[PDB]
$ cat my_file.cif   # mmCIF, C-alpha atoms and all ligand atoms
data_run
loop_
_atom_site.label_atom_id
_atom_site.label_comp_id
_atom_site.auth_asym_id
_atom_site.auth_seq_id
_atom_site.Cartn_x
_atom_site.Cartn_y
_atom_site.Cartn_z
CA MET A 1 -15.41 -35.96 45.70
CA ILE A 2 -18.36 -37.29 47.60
CA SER A 3 -19.36 -36.10 50.99
CA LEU A 4 -22.04 -37.29 53.31
CA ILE A 5 -24.05 -34.90 55.49
CA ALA A 6 -26.30 -36.01 58.36
CA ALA A 7 -27.74 -35.22 61.78
CA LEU A 8 -27.17 -37.92 64.34
CA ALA A 9 -28.74 -38.61 67.64
CA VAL A 10 -27.27 -40.80 70.27
CA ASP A 11 -26.46 -44.27 69.11
CA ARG A 12 -26.06 -42.92 65.50
CA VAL A 13 -29.77 -43.02 65.12
CA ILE A 14 -31.08 -40.97 62.20
CA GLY A 15 -34.67 -40.52 61.08
CA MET A 16 -36.93 -38.30 59.02
CA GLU A 17 -37.73 -34.71 60.26
CA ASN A 18 -41.17 -35.62 61.70
CA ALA A 19 -39.65 -38.68 63.28
CA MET A 20 -37.11 -36.46 64.95
CA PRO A 21 -37.94 -34.73 68.20
CA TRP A 22 -35.55 -31.86 68.05
CA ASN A 23 -36.16 -28.44 66.58
CA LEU A 24 -32.78 -27.13 65.37
CA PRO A 25 -32.85 -24.15 63.04
CA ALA A 26 -29.06 -23.74 63.55
CA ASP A 27 -28.48 -27.18 62.21
CA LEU A 28 -30.81 -26.58 59.30
CA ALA A 29 -28.93 -23.42 58.56
CA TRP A 30 -25.66 -25.40 58.59
CA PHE A 31 -27.13 -28.05 56.24
CA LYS A 32 -28.28 -25.30 53.93
CA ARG A 33 -24.97 -23.55 53.94
CA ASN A 34 -22.95 -26.63 53.19
CA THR A 35 -25.15 -27.94 50.45
CA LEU A 36 -26.01 -24.87 48.53
CA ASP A 37 -24.96 -24.76 45.00
CA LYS A 38 -23.96 -28.40 45.10
CA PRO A 39 -25.82 -31.38 43.70
CA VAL A 40 -27.57 -33.44 46.45
CA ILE A 41 -28.30 -37.12 46.26
CA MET A 42 -31.08 -38.68 48.27
CA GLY A 43 -33.19 -41.76 48.55
CA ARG A 44 -36.86 -41.90 47.78
CA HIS A 45 -38.07 -41.86 51.37
CA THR A 46 -36.02 -38.72 51.99
CA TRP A 47 -37.35 -37.14 48.87
CA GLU A 48 -40.86 -37.83 50.00
CA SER A 49 -40.28 -36.21 53.44
CA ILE A 50 -38.76 -33.11 52.00
CA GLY A 51 -41.78 -32.51 49.81
CA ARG A 52 -40.29 -30.09 47.25
CA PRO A 53 -36.90 -29.85 45.55
CA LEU A 54 -34.23 -28.06 47.71
CA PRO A 55 -33.75 -24.77 45.95
CA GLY A 56 -30.37 -23.77 44.51
CA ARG A 57 -29.27 -27.33 44.40
CA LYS A 58 -29.49 -29.99 41.68
CA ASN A 59 -31.73 -32.66 43.25
CA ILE A 60 -30.93 -36.32 42.36
CA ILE A 61 -33.05 -39.14 43.66
CA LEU A 62 -31.65 -42.59 43.68
CA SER A 63 -34.41 -45.16 43.20
CA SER A 64 -34.68 -48.58 41.38
CA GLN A 65 -38.14 -47.70 40.27
CA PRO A 66 -39.42 -45.03 37.95
CA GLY A 67 -39.54 -41.38 38.95
CA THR A 68 -42.81 -39.62 39.53
CA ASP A 69 -42.01 -35.92 39.50
CA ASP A 70 -40.34 -34.00 36.71
CA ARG A 71 -38.87 -31.42 38.98
CA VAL A 72 -36.00 -33.64 39.97
CA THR A 73 -33.50 -36.01 38.43
CA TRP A 74 -34.20 -39.67 38.86
CA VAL A 75 -31.33 -42.22 38.71
CA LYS A 76 -31.25 -45.92 39.24
CA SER A 77 -27.77 -46.65 40.49
CA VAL A 78 -24.97 -45.16 42.55
CA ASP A 79 -22.83 -44.88 39.45
CA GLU A 80 -25.60 -43.33 37.49
CA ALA A 81 -26.02 -40.79 40.25
CA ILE A 82 -22.40 -39.69 40.15
CA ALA A 83 -22.46 -39.49 36.40
CA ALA A 84 -25.49 -37.20 36.52
CA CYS A 85 -23.63 -34.74 38.74
CA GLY A 86 -21.15 -33.91 36.04
CA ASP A 87 -17.88 -32.22 36.62
CA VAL A 88 -18.37 -30.75 40.09
CA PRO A 89 -15.89 -30.43 42.97
CA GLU A 90 -18.24 -31.86 45.66
CA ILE A 91 -21.33 -33.97 45.62
CA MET A 92 -23.49 -34.04 48.77
CA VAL A 93 -25.20 -37.34 49.89
CA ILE A 94 -28.12 -36.49 52.20
CA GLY A 95 -29.52 -39.87 53.13
CA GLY A 96 -31.36 -41.88 54.21
CA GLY A 97 -29.77 -44.83 55.86
CA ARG A 98 -29.35 -47.15 52.90
CA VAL A 99 -28.16 -44.34 50.64
CA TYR A 100 -25.56 -43.38 53.25
CA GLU A 101 -24.37 -46.92 53.33
CA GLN A 102 -24.01 -47.16 49.62
CA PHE A 103 -21.99 -43.98 49.39
CA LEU A 104 -19.75 -44.24 52.47
CA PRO A 105 -16.96 -46.21 50.91
CA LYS A 106 -16.65 -43.64 48.15
CA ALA A 107 -16.73 -40.75 50.43
CA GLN A 108 -13.86 -38.51 51.40
CA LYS A 109 -15.59 -36.19 53.86
CA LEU A 110 -18.40 -36.35 56.43
CA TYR A 111 -20.25 -33.38 57.79
CA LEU A 112 -21.90 -34.50 61.02
CA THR A 113 -24.23 -32.90 63.59
CA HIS A 114 -24.19 -34.85 66.82
CA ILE A 115 -27.31 -34.07 68.72
CA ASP A 116 -27.57 -34.65 72.32
CA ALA A 117 -30.87 -36.54 72.22
CA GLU A 118 -32.11 -40.03 72.98
CA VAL A 119 -34.65 -41.23 70.53
CA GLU A 120 -35.90 -44.47 69.21
CA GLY A 121 -35.14 -45.59 65.79
CA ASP A 122 -34.79 -48.34 63.43
CA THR A 123 -32.25 -46.51 61.45
CA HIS A 124 -28.65 -45.71 62.21
CA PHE A 125 -26.01 -43.85 60.27
CA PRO A 126 -23.41 -46.45 59.02
CA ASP A 127 -20.66 -47.39 61.36
CA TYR A 128 -17.55 -45.66 60.38
CA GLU A 129 -14.09 -46.42 61.82
CA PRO A 130 -12.87 -43.42 63.65
CA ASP A 131 -9.32 -44.42 63.13
CA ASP A 132 -9.98 -44.03 59.45
CA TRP A 133 -11.13 -40.49 59.73
CA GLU A 134 -9.69 -37.27 60.97
CA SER A 135 -11.61 -34.65 62.68
CA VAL A 136 -10.86 -31.30 61.14
CA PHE A 137 -13.56 -29.16 62.64
CA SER A 138 -15.71 -29.53 65.81
CA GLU A 139 -17.85 -27.00 67.44
CA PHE A 140 -20.16 -27.32 70.35
CA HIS A 141 -23.40 -25.44 70.85
CA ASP A 142 -25.69 -25.35 73.82
CA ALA A 143 -29.41 -25.42 73.45
CA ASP A 144 -31.18 -22.10 73.57
CA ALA A 145 -34.59 -20.57 72.94
CA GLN A 146 -34.40 -21.41 69.29
CA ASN A 147 -32.59 -24.67 69.55
CA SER A 148 -34.14 -27.52 71.42
CA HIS A 149 -31.06 -29.56 72.25
CA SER A 150 -27.38 -29.16 72.37
CA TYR A 151 -25.36 -30.14 69.35
CA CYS A 152 -21.83 -30.51 68.00
CA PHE A 153 -20.97 -29.89 64.40
CA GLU A 154 -18.09 -31.89 63.10
CA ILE A 155 -16.26 -32.27 59.79
CA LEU A 156 -14.18 -35.39 59.21
CA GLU A 157 -11.88 -36.25 56.33
CA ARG A 158 -10.75 -39.64 55.31
CA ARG A 159 -7.08 -40.11 56.41
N1 LIG A 201 -20.27 -39.66 68.48
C1 LIG A 201 -19.93 -38.46 68.74
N2 LIG A 201 -20.65 -37.84 69.79
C2 LIG A 201 -20.42 -36.57 70.20
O1 LIG A 201 -21.05 -36.04 71.11
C3 LIG A 201 -19.38 -35.82 69.50
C4 LIG A 201 -18.70 -36.41 68.50
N3 LIG A 201 -18.96 -37.75 68.11
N4 LIG A 201 -18.16 -35.69 67.53
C5 LIG A 201 -18.00 -34.38 67.88
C6 LIG A 201 -18.43 -33.78 69.07
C7 LIG A 201 -18.09 -32.41 69.48
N5 LIG A 201 -18.40 -32.23 70.92
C8 LIG A 201 -17.80 -31.15 71.58
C9 LIG A 201 -18.01 -31.12 72.98
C10 LIG A 201 -17.45 -30.10 73.69
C11 LIG A 201 -16.68 -29.10 73.05
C12 LIG A 201 -16.07 -27.99 73.74
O2 LIG A 201 -16.11 -27.88 74.94
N6 LIG A 201 -15.54 -27.02 73.08
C13 LIG A 201 -14.94 -25.84 73.78
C14 LIG A 201 -13.47 -26.16 74.26
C15 LIG A 201 -13.38 -26.38 75.87
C16 LIG A 201 -12.07 -27.01 76.43
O3 LIG A 201 -11.14 -27.53 75.76
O4 LIG A 201 -12.10 -26.92 77.69
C17 LIG A 201 -14.87 -24.72 72.81
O5 LIG A 201 -15.44 -23.66 73.18
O6 LIG A 201 -14.30 -24.89 71.72
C18 LIG A 201 -16.50 -29.17 71.69
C19 LIG A 201 -17.07 -30.22 70.93
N7 LIG A 201 -19.20 -34.51 69.89
CL CL A 202 -34.27 -42.44 51.78
MN MN A 203 -44.40 -34.29 32.30
#
$ encode --input "my_file.cif" --output "structure tokens"
Amino acid sequence: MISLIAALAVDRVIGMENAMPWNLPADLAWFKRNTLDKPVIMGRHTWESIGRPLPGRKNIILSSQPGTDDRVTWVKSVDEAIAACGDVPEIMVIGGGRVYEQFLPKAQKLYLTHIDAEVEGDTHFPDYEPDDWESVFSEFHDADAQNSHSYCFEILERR
């Protein structure tokens, strides 16, 4: 099964780390926890922002063009990407925007962090029809000394 994971601001805006104005260790801990030991698929731009392979995870980069780093697995198509994951129970799609869009229709679960922040951005997470998804977990957190803004973690499953 394919699952998408992402941190959304108001308006479904998403953006790279440095582009994002919040500092949320709790959300990074959640991302870590839900992706560990699973293969992760990301776009080139995401790969470049991350800087190094995420440890304990098979890193697959979807890109039309040739790879430039032997530490990760380069694939050229969405099908190729799934094939490279092998026989695993859950594949995590970590963005960015275009990658999310390509995998949404194949996805069965979404792990979302809704951050209470207004920020400008080009990029938005794909529109998904709420009636087509069921919320199975939600949990609100206020901001604190460590965490810049308030957030709500949510897990949705395709009905
Ligand atoms: N687009 C979108 N934006 C959001 O802000 C959003 C969303 N989707 N998805 C999930 C979500 C979760 N937000 C929230 C907000 C408040 C509580 C909350 O008050 N929880 C209390 C229960 C209080 C009551 O029923 O009075 C709790 O402690 O569980 C939980 C989740 N927020
Ligand atoms: Cl990307
Ligand atoms: Mn070499």
$ atom_distance --input "my_file.cif" --atom1 "atom CA of residue 138 of chain A" --atom2 "atom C18 of ligand LIG 201 (chain A)"
5.9 Å
$ atom_distance --input "my_file.cif" --atom1 "atom CA of residue 131 of chain A" --atom2 "atom CA of residue 81 of chain A"
28.6 Å
$ closest_residue --input "my_file.cif" --among "A:109, A:98, A:71, A:57" --to "residue 4 of chain A" --atoms "only C-alpha atoms"
A:109
$ atom_distance --input "my_file.cif" --atom1 "atom CA of residue 53 of chain A" --atom2 "atom CA of residue 66 of chain A"
17.2 Å
$ residues_near_ligand --input "my_file.cif" --ligand "ligand CL 202 (chain A)" --cutoff "8 Å" --atoms "all atoms listed in the file" --output "compact mmCIF listing (two decimals) with C-alpha atoms, in the coordinates of the input"
# COMPACT_ATOMS: atom_id res chain seq x y z
CA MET A 42 -31.08 -38.68 48.27
CA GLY A 43 -33.19 -41.76 48.55
CA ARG A 44 -36.86 -41.90 47.78
CA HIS A 45 -38.07 -41.86 51.37
CA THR A 46 -36.02 -38.72 51.99
CA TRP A 47 -37.35 -37.14 48.87
CA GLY A 95 -29.52 -39.87 53.13
CA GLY A 96 -31.36 -41.88 54.21
CA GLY A 97 -29.77 -44.83 55.86
CA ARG A 98 -29.35 -47.15 52.90
CA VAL A 99 -28.16 -44.34 50.64
$ closest_atom_pairs --input "my_file.cif" --of "chain A" --to "ligand LIG 201 (chain A)" --cutoff "6 Å" --atoms "only C-alpha atoms and all ligand atoms" --output "Markdown table"
| residue | atom | partner | partner_atom | distance |
| --- | --- | --- | --- | --- |
| A:114 | CA | A:LIG201 | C2 | 5.3 |
| A:138 | CA | A:LIG201 | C7 | 5.2 |
| A:139 | CA | A:LIG201 | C19 | 4.8 |
| A:140 | CA | A:LIG201 | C19 | 4.3 |
| A:152 | CA | A:LIG201 | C7 | 4.4 |
| A:154 | CA | A:LIG201 | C5 | 5.4 |
$ residues_near_ligand --input "my_file.cif" --ligand "ligand MN 203 (chain A)" --cutoff "12 Å" --atoms "only C-alpha atoms and all ligand atoms" --output "compact mmCIF listing (two decimals) with C-alpha atoms, keeping the file's coordinate frame"
# COMPACT_ATOMS: atom_id res chain seq x y z
CA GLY A 67 -39.54 -41.38 38.95
CA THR A 68 -42.81 -39.62 39.53
CA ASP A 69 -42.01 -35.92 39.50
CA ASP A 70 -40.34 -34.00 36.71
CA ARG A 71 -38.87 -31.42 38.98
CA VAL A 72 -36.00 -33.64 39.97
$ residues_near_point --input "my_file.cif" --point "(-22.5, -42.1, 48.6)" --cutoff "9 Å" --atoms "only C-alpha atoms" --output "count of residues only"
20
$ residues_around --input "my_file.cif" --residues "residue 88 of chain A" --least-positions-apart "5" --cutoff "12 Å" --atoms "only C-alpha atoms" --output "PDB file with C-alpha atoms, keeping the file's coordinate frame"
ATOM      1  CA  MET A   1     -15.410 -35.960  45.700  1.00  0.00           C
ATOM      2  CA  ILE A   2     -18.360 -37.290  47.600  1.00  0.00           C
ATOM      3  CA  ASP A  37     -24.960 -24.760  45.000  1.00  0.00           C
ATOM      4  CA  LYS A  38     -23.960 -28.400  45.100  1.00  0.00           C
ATOM      5  CA  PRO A  39     -25.820 -31.380  43.700  1.00  0.00           C
ATOM      6  CA  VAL A  40     -27.570 -33.440  46.450  1.00  0.00           C
ATOM      7  CA  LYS A  58     -29.490 -29.990  41.680  1.00  0.00           C
ATOM      8  CA  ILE A  82     -22.400 -39.690  40.150  1.00  0.00           C
ATOM      9  CA  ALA A  83     -22.460 -39.490  36.400  1.00  0.00           C
TER      10      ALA A  83
END
$ closest_atom_pairs --input "my_file.cif" --of "segment 111-146 of chain A" --to "segment 11-22 of chain A" --cutoff "12 Å" --atoms "only C-alpha atoms" --output "Markdown table"
| residue | atom | partner | partner_atom | distance |
| --- | --- | --- | --- | --- |
| A:112 | CA | A:12 | CA | 10.4 |
| A:113 | CA | A:12 | CA | 10.4 |
| A:114 | CA | A:12 | CA | 8.4 |
| A:115 | CA | A:22 | CA | 8.6 |
| A:116 | CA | A:22 | CA | 9.5 |
| A:117 | CA | A:22 | CA | 7.8 |
| A:118 | CA | A:11 | CA | 8.1 |
| A:119 | CA | A:13 | CA | 7.5 |
| A:120 | CA | A:13 | CA | 7.5 |
| A:121 | CA | A:13 | CA | 6.0 |
| A:122 | CA | A:13 | CA | 7.5 |
| A:123 | CA | A:13 | CA | 5.6 |
| A:124 | CA | A:13 | CA | 4.1 |
| A:125 | CA | A:12 | CA | 5.3 |
| A:126 | CA | A:12 | CA | 7.8 |
| A:127 | CA | A:12 | CA | 8.1 |
| A:128 | CA | A:12 | CA | 10.3 |
| A:143 | CA | A:22 | CA | 10.4 |
| A:146 | CA | A:22 | CA | 10.6 |
$ closest_residue --input "my_file.cif" --among "A:33, A:129, A:80, A:51" --to "residue 63 of chain A" --atoms "only C-alpha atoms"
A:80
$ residues_around --input "my_file.cif" --residues "residue 29 of chain A" --least-positions-apart "5" --cutoff "12 Å" --atoms "only C-alpha atoms" --output "ChimeraX atom specification"
/A:23-24,34-36,113,147,153
$ closest_residue --input "my_file.cif" --among "A:5, A:64, A:79, A:59" --to "residue 27 of chain A" --atoms "only C-alpha atoms"
A:5
$ closest_residue --input "my_file.cif" --among "A:6, A:48, A:60, A:144" --to "residue 110 of chain A" --atoms "only C-alpha atoms"
A:6
$ residues_around --input "my_file.cif" --residues "residue 135 of chain A" --least-positions-apart "4" --cutoff "9 Å" --atoms "all atoms listed in the file" --output "PyMOL selection string"
chain A and resi 130+154-158
$ closest_residue --input "my_file.cif" --among "A:74, A:149, A:141, A:159" --to "residue 108 of chain A" --atoms "all atoms listed in the file"
A:159
$ closest_residue --input "my_file.cif" --among "A:49, A:55, A:26, A:75" --to "residue 145 of chain A" --atoms "only C-alpha atoms"
A:26
$ build_atoms --input "my_file.cif" --residues "segment 116-130 of chain A" --atoms "N, CA, C and O atoms" --output "compact mmCIF listing (two decimals), in the coordinates of the input"
# COMPACT_ATOMS: atom_id res chain seq x y z
N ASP A 116 -27.44 -34.07 71.03
CA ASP A 116 -27.57 -34.65 72.32
C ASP A 116 -29.04 -35.03 72.64
O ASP A 116 -29.75 -34.41 73.41
N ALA A 117 -29.50 -36.11 72.00
CA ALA A 117 -30.87 -36.54 72.22
C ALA A 117 -31.01 -38.05 72.18
O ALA A 117 -30.33 -38.74 71.41
N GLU A 118 -31.90 -38.59 73.01
CA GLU A 118 -32.11 -40.03 72.98
C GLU A 118 -33.41 -40.19 72.26
O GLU A 118 -34.38 -39.53 72.58
N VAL A 119 -33.42 -41.05 71.27
CA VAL A 119 -34.65 -41.23 70.53
C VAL A 119 -34.68 -42.60 69.93
O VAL A 119 -33.64 -43.15 69.59
N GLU A 120 -35.88 -43.16 69.81
CA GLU A 120 -35.90 -44.47 69.21
C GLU A 120 -35.93 -44.42 67.71
O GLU A 120 -36.51 -43.52 67.08
N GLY A 121 -35.26 -45.43 67.20
CA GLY A 121 -35.14 -45.59 65.79
C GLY A 121 -34.42 -46.83 65.30
O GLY A 121 -33.41 -47.36 65.77
N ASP A 122 -35.08 -47.24 64.26
CA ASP A 122 -34.79 -48.34 63.43
C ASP A 122 -33.41 -48.12 62.86
O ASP A 122 -32.48 -48.90 62.99
N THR A 123 -33.39 -46.98 62.19
CA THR A 123 -32.25 -46.51 61.45
C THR A 123 -31.10 -45.76 62.10
O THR A 123 -31.30 -44.79 62.81
N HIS A 124 -29.92 -46.24 61.75
CA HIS A 124 -28.65 -45.71 62.21
C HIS A 124 -27.78 -45.29 61.06
O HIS A 124 -27.85 -45.84 59.95
N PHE A 125 -26.93 -44.28 61.30
CA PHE A 125 -26.01 -43.85 60.27
C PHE A 125 -25.00 -45.03 60.21
O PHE A 125 -24.75 -45.72 61.22
N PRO A 126 -24.38 -45.34 59.08
CA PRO A 126 -23.41 -46.45 59.02
C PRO A 126 -22.22 -46.33 60.00
O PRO A 126 -21.69 -45.26 60.37
N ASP A 127 -21.76 -47.48 60.46
CA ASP A 127 -20.66 -47.39 61.36
C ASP A 127 -19.44 -46.97 60.58
O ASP A 127 -19.12 -47.49 59.53
N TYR A 128 -18.73 -46.03 61.10
CA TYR A 128 -17.55 -45.66 60.38
C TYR A 128 -16.47 -45.78 61.42
O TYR A 128 -16.76 -45.51 62.58
N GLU A 129 -15.27 -46.21 61.01
CA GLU A 129 -14.09 -46.42 61.82
C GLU A 129 -13.39 -45.09 62.05
O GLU A 129 -12.81 -44.46 61.19
N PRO A 130 -13.46 -44.66 63.27
CA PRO A 130 -12.87 -43.42 63.65
C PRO A 130 -11.40 -43.35 63.35
O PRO A 130 -10.89 -42.27 63.08
